[PDB]
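Read the structure below first, then the notes.
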Amino acid sequence: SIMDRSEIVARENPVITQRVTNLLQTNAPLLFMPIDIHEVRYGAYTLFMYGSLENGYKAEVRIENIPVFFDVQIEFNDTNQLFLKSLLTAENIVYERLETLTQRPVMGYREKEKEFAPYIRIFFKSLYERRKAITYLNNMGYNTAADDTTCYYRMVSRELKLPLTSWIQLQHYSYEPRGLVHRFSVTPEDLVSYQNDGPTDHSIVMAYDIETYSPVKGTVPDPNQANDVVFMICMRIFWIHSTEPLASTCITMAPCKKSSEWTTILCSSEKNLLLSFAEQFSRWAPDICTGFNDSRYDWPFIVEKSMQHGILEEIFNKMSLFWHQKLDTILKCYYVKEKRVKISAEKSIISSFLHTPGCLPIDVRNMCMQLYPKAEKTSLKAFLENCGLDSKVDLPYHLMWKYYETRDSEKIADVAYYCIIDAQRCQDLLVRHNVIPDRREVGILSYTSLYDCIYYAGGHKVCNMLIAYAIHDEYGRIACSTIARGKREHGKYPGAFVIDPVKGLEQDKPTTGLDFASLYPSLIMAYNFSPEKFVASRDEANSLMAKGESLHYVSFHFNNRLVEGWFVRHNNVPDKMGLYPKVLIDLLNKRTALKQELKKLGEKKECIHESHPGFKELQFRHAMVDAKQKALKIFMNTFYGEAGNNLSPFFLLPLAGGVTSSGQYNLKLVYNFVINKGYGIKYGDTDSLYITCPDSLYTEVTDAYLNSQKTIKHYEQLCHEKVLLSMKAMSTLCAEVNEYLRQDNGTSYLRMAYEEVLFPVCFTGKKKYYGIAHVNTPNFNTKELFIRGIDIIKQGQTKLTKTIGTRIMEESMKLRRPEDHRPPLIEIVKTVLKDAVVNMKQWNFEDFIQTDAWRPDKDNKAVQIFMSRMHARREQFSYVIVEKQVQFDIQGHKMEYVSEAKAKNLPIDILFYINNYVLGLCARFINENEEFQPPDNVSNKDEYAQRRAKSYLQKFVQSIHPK
């Protein structure tokens with residue numbers, strides 16, 4: 001009595017499914033959209049891809065007659081052909097045919113008449129033989145190309161221009177229906193990539209939730225333990241772009257009252273529950289699988305239970321769409337365990353799941369972690385409150401165990417609703433953060449499947465894009481390798497030019513920040529840092545210089561060894577431009593066009609309200625263009641990181657060394673040129689200069705204050721005039737420096753940009769400053785502050801600190817007359833602290849709702865003392881069995897001594913909280929004083945100043961605080 005997927009998609013979209021049927025009955029071209037890709041290794045090579053049609057039917061497309069091949073560099077003569085054939089046949093390796101061709105290498109520079117090199121291509125039949133042949137040939141060390149080993153669908157994608165993550169137009173096919181699945185058979189010549197923007201997607205995402213039981217209270221159920229039994233399963237299906245559910249299903253052990261919004265299926269044992277789960281999965285057949293915390297608690301538990309009961313084969317066979325399989329094969333290959341997913345350079349996550357063909361499994365928690373690598377809290381409620389979506393039901397877990405063990409119907413129905421909402425939260429997050437379209441656009445731009453775009457790093461994507469642009473060059477074919485060759489040296493790069501900042505607060509002269517617009521890509525474009533234009537020997541460089549070609553020279557010092565190198569320039573000629581400049585310039589042109597398009601679309605949208613019938617398509621267009629520009633940004637910023645990696649097959653130490661050296665040289669040249677003109681430098685870092693205006697420009701308006709009435713509005717109008725004059729001078733300086741760089745380097749690809757004016761300013765350490773913004777016109781009554789480095793963001797630990805720090809900064813940055821007083825950033829801290837110490841009543845019980853649940857209740861730092869105290873008080877509300885209880889703490893006074901939210905007045909000893917929390921932030925605010933510098937014999941400097949500055953401030957506050 002459960003509707004199939006076909007019935008649902010027919011009921012929801014009548015006209016579209018009618019059109020699809022009419023097109024199907026007459027062998028007409030059709031649109032297809034892939035999700036998951038699977039391939040067969042042994043035997044003949046056939047590529048399987050699963051996906052959706054326009055209306056919602058599930059489709060399987062199988063590609064045959066895909067040629068499998070790889071290249072080698074020897075000669076064209078038949079003698080070497082026979083020698084290679086004998087070497088291959090030495091250990092029973094099958095081959096089909098050999099071909100010969102010509103193409104260009106990637107390493108080294110060759111003259112115009114010798115640019116092409118001869119290759120021999122070997123064709124095979126199964127991937128096993130190809131992999132073994134590549135391994136053996138590299139074992140004797142032959143320079144081979146097109147050497148993809150781990151995955152092969154990438155080569156097929158880049159060799160045919162088939163964006164596996166976008167729409168595919170298919171015609172001239174063979175069609176066979178089978179129940180719910182429509183089998184298509186095609187050939188490589190019958191597929192086209194759909195260049196036009198396509199209609200809306202109609203895939204299916206299913207969210208599942210599981211609730212299990214453990215006889216022993218206070219412990220997390222263990223899969224290895226046979227006492228644990230599952231009792232609650234919830235399934236929901238949604239569209240890829242909508243929140244309203246299409247259907248829901250409920251499976252329970254104990255009987256429950258029926259509900260209007262879902263259907264329930266009764267069971268009798270563990271076997272029945274698992275078989276019902278498999279049957280419902282087969283009936284719906286979803287494309288994407290999801291559920292929060294399914295990576296180490298849901299999937300391994302269910303697979304362990306299935307293995308214990310010995311029903312894994314049947315459930316897996318009903319799960320997937322592939323041929324029949326055996327249990328050992330399922331355990332060995334299709335079940336992944338301890339998979340590593342990388343977030344940042346220091347964070348990684350373990351994952352485990354079951355990969356049934358025809359459905360891609362994703363974990364929402366991992367995606368949220370990747371989107372927010374700096375999130376301090378790792379809870380679902382934290383993500384819900386950060387994303388701004390509606391919060392879930394605050395139902396404690398021990399309530400669910402108690403209500404399950406009470407064995408009543410309506411309460412289990414209520415917890416069923418609770419877990420349904422918990423499941424829906426995942427799809428809420430996925431739609432809110434726009435994960436699928438973003439990863440889809442990245443895959444389209446990178447020629448890679450969706451599974452790799454969601455589970456792997458980003459360097460391989462940039463390598464793949466580089467190879468894709470390399471193969472289809474319009475002046476020839478360029479052959480790029482994939483396996484790394486050469487010794488892996490380790491060391492540190494030179495450079496790191498640093499200029500010391502001028503400490504303190506400035507309110508007499510304003511400062512302005514000049515920035516470099518994408519320094520490293522600009523340098524790559526300007527100086528031709530491409531591997532195909534590299535010369536190593538000095539004699540060759542001298543010969544080419546004699547010939548008449550301009551060159552660029554790089555030299556540095558790596559691992560106590562002097563490294564030299566030469567590069568060939570292009571002097572603004574499209575023919576002689578290299579590969580990296582080509583790819584960067586193409587990306588830049590695409591980005592500029594997309595920016596213009598989105599600006600025009602937004603200008604149109606600002607005149608259109610949201611109640612138009614056609615607003616939905618405009619919103620979809622806006623979202624798509626935003627995703628596209630984001631993907632362009634991420635590749636353009638990750639390119640340099642990929643290029644310098646020591647594991648990349650394109651690595652060259654001279655390239656990275658020269659890039660860094662050129663950056664340092666250009667920074668030094670600009671700094672020296674600015675000094676020569678009479679201006680002053682206040683800060684400098686890699687690609688930014690914070691500079692100042694000379695005094696002689698400010699004289700005239702200054703005299704106005706000398707003979708004025710010296711009121712507040714006088715000083716205000718002096719401030720306005722000073723800001724305007726600073727802006728006027730800075731624009732001209734930026735123009736002049738751009739002209740100087742253009743005349744020096746010879747190309748206009750490198751330029752310096754003007755963003756903002758800051759006055760007054762405060763610099764309190766490296767990469768730490770704050771001030772008042774001024775975009776175009778002066779304003780001083782604004783409350784917004786420009787903050788960099790100092791991070792008053794965290795509020796879970798405390799929230800009074802935020803108010804006190806905001807008050808400190810606001811008091812410190814206000815403009816003052818030159819004749820009242822100039823407190824050197826210490827009297828401000830003193831005044832604010834003494835004000836805070838006195839008159840306690842001007843705070844209230846708002847930030848004092850901190851909680852720390854002692855769920856383990858057995859091993860922790862100090863919460864066990866509080867637990868023992870409350871247990872003794874109860875034995876002498878209880879809230880003792882609530883391990884996951886969010887109870888507020890109020891230290892109404894050096895050993896914990898916290899109190900519950902339910903309490904009498906109990907005056908708060910604010911000294912404990914201040915000395916625990918705010919002194920650290922204040923020290924970080926003031927730690928960079930010159931008085932507290934450490935002597936040279938001390939190894940650690942930051943902790944030195946931090947510790948003794950905090951100690952000084954704390955002890956002096958204690959002294960001034962009466963006791």
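Chain identifiers are assigned as A, B, and so on, following the order in which chains appear in the structure tokens; residues are numbered from 1 within each chain, and ligands are numbered from 1 in order of appearance.
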Near residue 358 in chain A, counting only C-alpha atoms, which residues have an atom at most 10 Å away, once you skip same-chain residues fewer than 6 positions from it, shown as a list in words?
->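 Near neighbours after the sequence-gap exclusion: residues 35, 36, 37, 38, 48, 49, 50, 51, 58, 59, 60, 285, 286, 287, 288, 319, 320, 321 and 322 of chain A.
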Filtered DSSP result for range 796-882 of chain A, state helix (DSSP H, G or I), as a compact mmCIF listing (two decimals) with C-alpha atoms, in the first residue's frame:
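The resulting file, out.txt, is reproduced below:
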# COMPACT_ATOMS: atom_id res chain seq x y z
CA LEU A 800 30.06 40.22 29.84
CA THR A 801 33.57 40.32 28.38
CA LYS A 802 32.09 41.41 25.05
CA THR A 803 30.40 44.44 26.60
CA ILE A 804 33.42 45.43 28.68
CA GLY A 805 35.79 45.20 25.70
CA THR A 806 33.44 47.14 23.44
CA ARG A 807 33.26 49.86 26.08
CA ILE A 808 37.07 49.92 26.31
CA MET A 809 37.54 50.32 22.56
CA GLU A 810 34.77 52.91 22.20
CA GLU A 811 36.21 55.01 25.02
CA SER A 812 39.72 54.71 23.58
CA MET A 813 38.91 55.63 19.96
CA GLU A 827 44.51 55.14 31.77
CA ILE A 828 41.64 53.92 29.58
CA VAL A 829 42.02 50.37 30.90
CA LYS A 830 42.35 51.72 34.44
CA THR A 831 39.23 53.87 34.15
CA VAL A 832 37.10 51.11 32.63
CA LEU A 833 38.26 48.52 35.17
CA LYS A 834 37.65 50.80 38.16
CA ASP A 835 34.21 51.69 36.80
CA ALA A 836 33.41 47.99 36.38
CA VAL A 837 34.63 47.06 39.87
CA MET A 840 28.07 45.87 40.58
CA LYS A 841 24.33 46.36 39.99
CA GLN A 842 24.75 47.69 36.44
CA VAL A 863 32.46 18.46 37.39
CA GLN A 864 32.54 15.28 39.49
CA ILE A 865 32.86 17.43 42.63
CA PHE A 866 29.67 19.31 41.72
CA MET A 867 27.92 16.04 40.87
CA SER A 868 28.88 14.54 44.24
CA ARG A 869 27.77 17.71 46.03
CA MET A 870 24.35 17.73 44.34
CA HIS A 871 23.95 13.99 44.91
CA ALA A 872 24.68 14.46 48.62
CA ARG A 873 22.29 17.42 48.81
CA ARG A 874 19.54 15.35 47.18
CA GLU A 875 20.26 12.40 49.49
Which one of A:375, A:585, A:416, A:247 sits closest to residue 204 in chain A if you count only C-alpha atoms?
->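 Distance minimum relative to residue 204 in chain A lands on A:247.
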Got a sec to tell me which of range 608-850 of chain A DSSP assigns to strand (DSSP E or B), as an MDAnalysis selection string?
-> chainID A and resid 680:685 688:692 752:758 761:763 769:771 786:788 850
Distance query residue 202 in chain A at most 7 Å, only C-alpha atoms, self and fewer than 6 positions along chain excluded, as a PyMOL selection string = chain A and resi 52+54-56+239-240
Two-atom distance - CA of residue 138 in chain A, CA of residue 76 in chain A (Å) =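 Going from CA of residue 138 in chain A over to CA of residue 76 in chain A, I get 19.9 Å.
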Would you write out, as JSON lines, a table of all residues in range 780-886 of chain A that have an atom no more than 12 Å from an atom of range 385-395 of chain A, listing for each the closest atom pair and the distance in Å to one decimal, considering only C-alpha atoms and ordering rows by chain and rising residue number?
{"residue": "A:882", "atom": "CA", "partner": "A:395", "partner_atom": "CA", "distance": 11.6}
{"residue": "A:884", "atom": "CA", "partner": "A:395", "partner_atom": "CA", "distance": 10.3}
{"residue": "A:885", "atom": "CA", "partner": "A:395", "partner_atom": "CA", "distance": 10.2}
{"residue": "A:886", "atom": "CA", "partner": "A:394", "partner_atom": "CA", "distance": 10.3}
Which neighbours of residue 498 in chain A fall inside 12 Å, counting only C-alpha atoms, when residues of the same chain fewer than 5 positions from it are skipped, and could you give them as an NGL selection string?
-> :A and (664 or 667-668 or 671 or 683-689 or 766-767)
Can you write just those residues out, N, CA and C atoms, as an mmCIF file, in the first residue's frame?
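This went into result-v6.cif:
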data_model
loop_
_atom_site.group_PDB
_atom_site.id
_atom_site.type_symbol
_atom_site.label_atom_id
_atom_site.label_comp_id
_atom_site.auth_asym_id
_atom_site.auth_seq_id
_atom_site.Cartn_x
_atom_site.Cartn_y
_atom_site.Cartn_z
ATOM 1 N N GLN A 664 58.983 39.486 -3.136
ATOM 2 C CA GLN A 664 59.772 40.268 -2.190
ATOM 3 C C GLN A 664 60.455 41.446 -2.876
ATOM 4 N N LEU A 667 57.906 44.198 -3.638
ATOM 5 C CA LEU A 667 57.527 44.880 -2.406
ATOM 6 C C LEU A 667 58.611 45.857 -1.971
ATOM 7 N N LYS A 668 59.873 45.420 -2.025
ATOM 8 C CA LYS A 668 60.977 46.293 -1.642
ATOM 9 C C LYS A 668 61.056 47.511 -2.549
ATOM 10 N N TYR A 671 58.267 49.951 -1.644
ATOM 11 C CA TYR A 671 58.532 50.595 -0.360
ATOM 12 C C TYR A 671 59.597 51.677 -0.497
ATOM 13 N N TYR A 683 53.103 50.361 8.388
ATOM 14 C CA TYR A 683 52.995 48.910 8.480
ATOM 15 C C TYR A 683 53.233 48.289 7.113
ATOM 16 N N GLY A 684 53.754 47.065 7.107
ATOM 17 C CA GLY A 684 53.980 46.348 5.867
ATOM 18 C C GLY A 684 53.960 44.846 6.050
ATOM 19 N N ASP A 685 53.229 44.136 5.188
ATOM 20 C CA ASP A 685 53.080 42.688 5.362
ATOM 21 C C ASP A 685 52.805 42.064 3.993
ATOM 22 N N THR A 686 53.824 41.398 3.447
ATOM 23 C CA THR A 686 53.693 40.553 2.264
ATOM 24 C C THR A 686 53.118 41.301 1.070
ATOM 25 N N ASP A 687 51.843 41.680 1.149
ATOM 26 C CA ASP A 687 51.162 42.314 0.035
ATOM 27 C C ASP A 687 50.375 43.560 0.411
ATOM 28 N N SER A 688 50.619 44.152 1.575
ATOM 29 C CA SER A 688 49.899 45.343 2.005
ATOM 30 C C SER A 688 50.865 46.334 2.634
ATOM 31 N N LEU A 689 50.671 47.620 2.333
ATOM 32 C CA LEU A 689 51.423 48.709 2.953
ATOM 33 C C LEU A 689 50.437 49.695 3.565
ATOM 34 N N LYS A 766 51.650 42.577 15.733
ATOM 35 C CA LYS A 766 51.645 42.091 14.361
ATOM 36 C C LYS A 766 50.262 41.576 13.989
ATOM 37 N N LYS A 767 49.765 42.018 12.833
ATOM 38 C CA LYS A 767 48.459 41.609 12.320
ATOM 39 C C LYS A 767 47.341 41.880 13.321
#
Spatial neighbours of residue 669 in chain A, 12 Å, only C-alpha atoms, chain gap at least 5 places, as a VMD selection string = chain A and resid 662 to 664 674 to 676 737 740 to 741 744 to 745
Could you give me, as a CSV table (one decimal) with C-alpha atoms, in the first residue's frame, the residues within 9 Å of residue 273 in chain A, counting only C-alpha atoms and dropping anything in the same chain fewer than 3 positions from it?
chain,number,residue,atom,x,y,z
A,230,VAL,CA,17.1,-0.9,17.5
A,231,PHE,CA,13.5,0.1,17.9
A,233,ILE,CA,13.4,4.1,12.2
A,251,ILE,CA,9.0,1.9,11.6
A,252,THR,CA,8.6,1.0,15.2
A,253,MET,CA,8.8,-2.0,17.5
A,266,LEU,CA,4.5,-2.7,12.4
A,267,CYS,CA,7.3,-5.2,13.1
A,268,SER,CA,8.1,-8.2,15.3
A,269,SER,CA,11.8,-8.6,15.6
A,270,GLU,CA,15.2,-7.3,14.4
A,276,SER,CA,11.3,-3.6,6.1
A,277,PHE,CA,14.0,-0.9,5.9
A,278,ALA,CA,15.5,-2.6,2.8
Close residues, residue 352 in chain A itself excluded, 7 Å, only C-alpha atoms, min 5 positions apart in chain, as a ChimeraX atom specification | /A:295-296,336-339
Kindly save the residues from that selection, with N, CA, C and O atoms included, as a JSON list (two decimals), in the first residue's frame.
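Contents of out06.json, as written:
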[["chain", "number", "residue", "atom", "x", "y", "z"],
["A", 295, "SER", "N", 28.13, 8.59, 10.32],
["A", 295, "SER", "CA", 29.46, 8.19, 9.88],
["A", 295, "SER", "C", 30.17, 7.24, 10.84],
["A", 295, "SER", "O", 30.99, 6.44, 10.37],
["A", 296, "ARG", "N", 29.91, 7.30, 12.14],
["A", 296, "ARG", "CA", 30.54, 6.33, 13.04],
["A", 296, "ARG", "C", 29.58, 5.75, 14.07],
["A", 296, "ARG", "O", 30.00, 5.01, 14.96],
["A", 336, "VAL", "N", 33.54, 0.66, 3.05],
["A", 336, "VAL", "CA", 34.74, 1.43, 3.35],
["A", 336, "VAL", "C", 34.77, 1.70, 4.85],
["A", 336, "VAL", "O", 33.72, 1.88, 5.48],
["A", 337, "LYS", "N", 35.97, 1.70, 5.43],
["A", 337, "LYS", "CA", 36.16, 1.89, 6.86],
["A", 337, "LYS", "C", 37.40, 2.73, 7.10],
["A", 337, "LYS", "O", 38.40, 2.61, 6.39],
["A", 338, "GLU", "N", 37.32, 3.60, 8.12],
["A", 338, "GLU", "CA", 38.42, 4.48, 8.50],
["A", 338, "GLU", "C", 38.88, 5.36, 7.34],
["A", 338, "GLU", "O", 40.07, 5.59, 7.14],
["A", 339, "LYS", "N", 37.92, 5.86, 6.56],
["A", 339, "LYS", "CA", 38.24, 6.82, 5.50],
["A", 339, "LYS", "C", 38.60, 8.17, 6.12],
["A", 339, "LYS", "O", 38.00, 8.60, 7.10]]
Which residues of range 102-162 of chain A sit at most 10 Å from range 509-530 of chain A, using only C-alpha atoms? Give each one's shortest atom pair and distance in Å (one decimal place), in chain and ascending residue order, as CSV.
residue,atom,partner,partner_atom,distance
A:106,CA,A:530,CA,9.2
A:107,CA,A:530,CA,9.3
A:108,CA,A:530,CA,9.8
To one decimal in Å, tell me the separation between CA of residue 786 in chain A and CA of residue 926 in chain A.
->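 Going from CA of residue 786 in chain A over to CA of residue 926 in chain A covers 18.3 Å.
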